[PDB]
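Protein chains in written order, with full-length UniProt numbering: chain Y, 32 to 292; chain S, 2 to 207; chain H, 2 to 61.
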RNA sequence: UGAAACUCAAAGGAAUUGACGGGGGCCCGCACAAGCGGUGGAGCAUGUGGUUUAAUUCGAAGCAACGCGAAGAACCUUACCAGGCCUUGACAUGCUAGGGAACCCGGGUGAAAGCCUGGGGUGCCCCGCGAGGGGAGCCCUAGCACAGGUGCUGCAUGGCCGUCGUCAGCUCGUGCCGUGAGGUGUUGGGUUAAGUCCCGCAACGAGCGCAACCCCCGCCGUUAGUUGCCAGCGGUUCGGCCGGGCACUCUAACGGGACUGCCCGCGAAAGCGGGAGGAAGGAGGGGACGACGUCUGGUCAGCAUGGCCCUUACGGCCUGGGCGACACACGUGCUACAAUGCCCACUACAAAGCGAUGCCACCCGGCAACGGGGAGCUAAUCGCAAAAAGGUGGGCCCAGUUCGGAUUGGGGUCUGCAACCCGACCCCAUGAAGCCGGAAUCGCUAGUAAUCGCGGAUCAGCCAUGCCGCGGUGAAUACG
RNA sequence: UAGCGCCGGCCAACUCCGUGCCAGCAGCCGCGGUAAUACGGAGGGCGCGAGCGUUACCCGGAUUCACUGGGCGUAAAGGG
Ligand SMILES: [Zn+2]
């Protein structure tokens with residue numbers, strides 16, 4: 032059942048008669064109807080051939096709707112924005128993502144540096160604290176780092192399991208990401224920074240030093256280097272890694288790359 | 002059975018002619034023929050726009066075409082390019098410098114032709130007929146409309162045998178003159194033949 | 002109402018008394034009316050549509 | 001008294017909704033009855049079945065096909081047949097090779113279509129130096145996606161129509177009754193054109209239907225007075241013709257009026273029987289208006305349309321024929337069989353329509369159909385237009401006849417390129433069957449039946465005695 | 001070393017080809033003639049697992065011999 036939940040999602044996304052929105056996986060167009068009613072020109076990236084007639088029929092009485100037959104991942108959305116939202120001020124993203132391609136979608140959208148105002152999505156609670164957490168939260172990880180680096184994010188709505196027509200298996204949480212003008216911390220070696228983040232969380236039980244040394248091809252070579260760098264940066268490798276933050280990671284990354292990159 | 006056209010029944014009272022012009026016996030047929038040509042052209046052209054009605058008027062070698070459309074945005078476009086070229090085309094059809102006008106219908110749920118067209122589109126999109134009719138009737142009834150009724154002809158869902166579906170709600174008094182009943186017919190061309198969608202909307206009295 | 006026959010009655014048939022009239026809407030040659038140029042069926046259809054000005058159902 | 005072996009997945013009881021009955025009750029409709037005209041008998045017109053033919057193109061099949069599709073078949077229509085001919089084609093949007101651009105025009109062929117051709121070329125748009133010049137502008141001529149099909153299925157369909165039937169029915173919401181399917185309402189009494197109303201009653205309402213809302217006619221107001229009208233007056237060629245008025249009729253807009261509204265009796269009420277008043281009295285007369293549905297109802301030949309099929313022929317032009325045959329048989333009509341009549345002269349009284357490739361006043365020629373001249377009318381003005389039955393006067397005198405007008409011979413007019421198959425009309429001869437029609441059977445309840453004319457659509461003309469309308473005179477009967 | 005049965009309702013487990021009242025399946029109800037979740041095979045799923053199914057016999061479900069715990073107006077059953 033989706034009667035008022037959609038309205039609340041749109042309210043939290045804060046759309047108006049001048050804001051542009053992006054829809055992924057519209058299906059029937061439950062959210063699309065409300066978005067057309069409230070917002071300015073919309074856009075959709077449906078890929079399912081079977082549901083296309085139903086979406087067309089749903090959006091027949093609307094004139095501010097554009098439908099695209101491209102996959103979000105494959106399509107370069109920069110041209111999409113420059114073509115469609117040619118007059119609009121703020122371009123937001125609202126969608127219900129289908130479980131599997133939910134993290135890839137977010138990552139692809141964020142890694143392309145869009146002029147998007149922000150994002151409001153509906154996904155599972157499972158991976159919801161995993162992308163909005165804090166030091167020693169038991170949900171801290173690589174996903175959390177990526178999301179809380181690229182943008183500013185916090186969970187907004189907790190849609191319980193007992194709302195849908197066919198009872199799903201997982202509770203859902205609508206999350207709102209306000210995009211950040213400039214990256215939180217400055218890293219020259221961004222790629223190896225990300226690999227460092229994933230290395231510190233390869234196994235969440237081991238200590239940070241052991242994580243860092245055991246996850247690099249050069250880890251064996253630069254054991255002493257790793258140890259000295261973690262010691263000097265006032266954030267030692269004797270901790271687990273879940274107790275660190277963006278700032279400690281930035282300092283450590285600087286320590287590694289200023290000296291070995 | 003064999004009901005008569007609800008519009009032709011009420012032409013004098015509670016309805017008005019789509020064509021409003023006078024001509025002697027000499028020139029009646031020519032004017033009517035060019036009128037039919039104009040109607041055909043506009044039916045072909047402005048389909049996607051949500052056309053409901055075409056009105057034609059004549060004063061003195063002058064034509065005043067008026068088109069009722071759900072979405073005039075489609076008709077006009079950017080800087081009135083489409084409307085301008087459409088005026089050019091119509092004038093090229095008949096050397097009388099036609100003065101095209103476009104009106105937006107308030108609440109396109111209250112236009113029988115539009116409802117019939119939408120249901121026909123749904124049928125052509127291989128929708129379930131019964132659900133479509135029920136939803137259409139409910140949609141019309143939500144927008145005032147003291148009565149509504151929708152009929153689909155036959156040959157439902159590629160079945161060998163044809164059958165009428167039928168669904169009404171409220172008052173549809175086809176026998177009373179002061180009824181102001183709006184009527185709309187649409188033909189749905191499907192891979193398994195043709196379907197006829199009729200819509201009656203009882204919108205007030207007198 | 003073969004397309005050939007319709008396209009043939011639109012010329013000068015070498016004589017005046019060879020020409021005839023057809024319904025301008027459906028090409029019927031049977032029961033057309035001079036005033037309208039329509040067959041009986043097209044006349045009824047267009048009269049019901051309300052597309053014929055001042056043409057109404059009679060009852061005296 | 002009383003088994004079994006073998007077989008079936010049922011066999012049964014009560015009740016519900018329908019369908020049916022050589023069950024019943026009540027009610028209705030020209031259904032019958034009481035009347036008035038017919039049909040079936042004769043001639044002819046027309047539509048069919050058969051038969052014939054090269055073809056006699058097809059579809060319609062009790063009511064509900066059969067003067068039906070067809071509100072116009074000599075060519076055309078035309079879809080059929082015999083011949084002469086064309087194959088991006090009568091018709092559309094394109095693709096690709098140069099002739100090459102458009103248009104005008106003349107001969108052979110000839111039944112016409114088509115073919116072969118010979119000429120003035122109808123060229124600029126850029127105006128590169130302007131003389132070839134590449135271009136849009138048209139046009140042919142081949143190569144190809146495509147045309148096209150009245151070719152088949154109405155038993156794949158849409159739309160539209162017929163029919164039961166303008167019959168009075170078909171259902172739903174909430175409530176209540178039942179374990180439940182379901183019932184109630186919607187049954188009962190009365191009344192009505194009607195499920196139209198009243199009463200009774202666990203039902204109370206509603207929707208689609210009935211009714212009313214719309215149109216015409218019947219009475220009267222206002223607004224308006226020309227092309228319509230003329231009471232009073234003044235002219236007057238006697239003509240509403242003139243000046244006048246617009247009173248009256250009328251024309252066309254808007255309203256009024258009729259609702260058992262008012263008295264008398266009766267009934268619980270719906271309502272019933274009388275009575276004023278009123279133009280109209282209880283639905284005032286007529287029309288439009290056709291429920292859920294039934295009929296594998298009708299139409300692929302009005303149109304659209306899914307499937308199948310043909311695409312040097314199942315497509316397309318042209319000439320001629322055919323749809324008009326004829327040992328027969330059915331349906332719908334027209335004229336008659338006579339004296340309440342038939343013929344001939346004079347004189348009257350309508351309505352609704354139609355007309356500028358038309359209506360055609362008047363005059364002249366012909367006995368006429370018509371022809372020549374010729375006005376007036378895009379229309380309350382001009383014309384079609386003679387209304388006929390009727391009323392007067394004269395004739396006929398019961399005879400297959402001054403009845404009836406088929407058939408045939410001979411002249412002639414008009415339309416049309418053409419009138420033989422196969423048009424209409426005028427004139428002179430010819431003068432048939434028919435003396436009121438067996439069994440059976442049709443229509444009609446009032447301005448109706450019967451009878452008499454007039455107009456219109458289609459249409460060059462007409463095989464229209466058909467269809468749709470308009471007025472004149474105007475019966476009988478209905479106990480049940 | 002991983003097999004065995006089932007996937008129309010009972011009853012947990014769904015699609016694609018093959019076939020066209022044939023080959024077959026079947027404990028009951030039944031499924032098979034052109035779009036088969038019911039036959040054959042594949043992919044996938046479900047149950048159990050050194051086991052999994054089938055046949056035979058006994059008790060249950062069977063208040064279906066009713067002591068617990070049934071009935072006999074019309075269903076079988078009141079004696080003439
Ligand atoms: Zn027609």
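All C-beta atoms, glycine included, are put in the ideal place defined by N, C-alpha and C.
Check: residue i C-beta below 8 Å from any heavy atom of ligand 1
i, result
"residue 30 of chain S", "no"
"residue 26 of chain H", "yes"
"residue 119 of chain Y", "no"
"residue 131 of chain S", "no"
"residue 3 of chain H", "no"
"residue 40 of chain S", "no"
"residue 62 of chain H", "Any answer about residue 62 of chain H is impossible in this case: the structure gives chain H only from 2 up to 61."
"residue 21 of chain S", "no"
"residue 42 of chain H", "yes"
"residue 39 of chain H", "yes"
"residue 79 of chain S", "no"
"residue 85 of chain S", "no"
"residue 29 of chain H", "yes"
Helix, strand or coil at residue i according to DSSP, with G and I counted as helix
i, result
"residue 189 of chain Y", "strand"
"residue 78 of chain Y", "coil"
"residue 110 of chain Y", "helix"
"residue 183 of chain Y", "strand"
"residue 43 of chain Y", "helix"
"residue 207 of chain Y", "strand"
"residue 93 of chain Y", "coil"
"residue 183 of chain S", "strand"
"residue 11 of chain S", "coil"
"residue 127 of chain S", "coil"
"residue 48 of chain Y", "coil"
"residue 132 of chain Y", "coil"
"residue 197 of chain S", "strand"
"residue 240 of chain Y", "helix"
"residue 37 of chain Y", "helix"
"residue 230 of chain Y", "helix"
"residue 52 of chain S", "strand"
"residue 103 of chain Y", "coil"
"residue 201 of chain Y", "coil"
"residue 76 of chain S", "helix"
Residue i - partner residues in DSSP beta bridges
i, result
"residue 58 of chain S", "S:21"
"residue 148 of chain S", "S:171 and S:203"
"residue 6 of chain S", "The partner list for residue 6 of chain S (beta bridge, DSSP) is empty, contrary to what the question assumes."
"residue 142 of chain S", "DSSP lists no partner for residue 142 of chain S."
"residue 39 of chain S", "Paired residues: none, contrary to the question."
"residue 105 of chain S", "S:70"
"residue 126 of chain Y", "Y:55 and Y:152"
"residue 191 of chain S", "S:194"
"residue 73 of chain Y", "Y:52 and Y:96"
Mind checking the region 58–85 of chain S against chain Y and listing, in chain order, the residues whose C-beta falls within less than 8 Å of any C-beta there?
71, 72, 74 and 75
Can you give, in chain order, each stretch of the alpha helix (DSSP H) that sits fully within the region 138–177 of chain Y and has at least 4 residues? 157–160
ask   = In chain order, what residues of the region 108–121 of chain S put their CB closer than 8 Å to some CB of chain Y?
value = 109 and 119
For this session: Give, in chain order, every residue of the region 33–44 of chain H whose Cβ lies closer than 7 Å to some Cβ of chain S.
Result: 36, 37 and 38
| said: Any C-beta of chain S within less than 8 Å: which residues of the region 87–112 of chain Y qualify? | reply: 87, 88, 91, 92 and 94
Inset, instruction - Identify each residue in the region 35–55 of chain S for which the Cβ-Cβ distance to at least one residue of chain H is less than 8 Å, and report them in chain order. - result: 36, 37 and 40
Legend entry - Members of the region 123–142 of chain S near chain Y, C-beta cut-off 8 Å: 123, 126, 127 and 128
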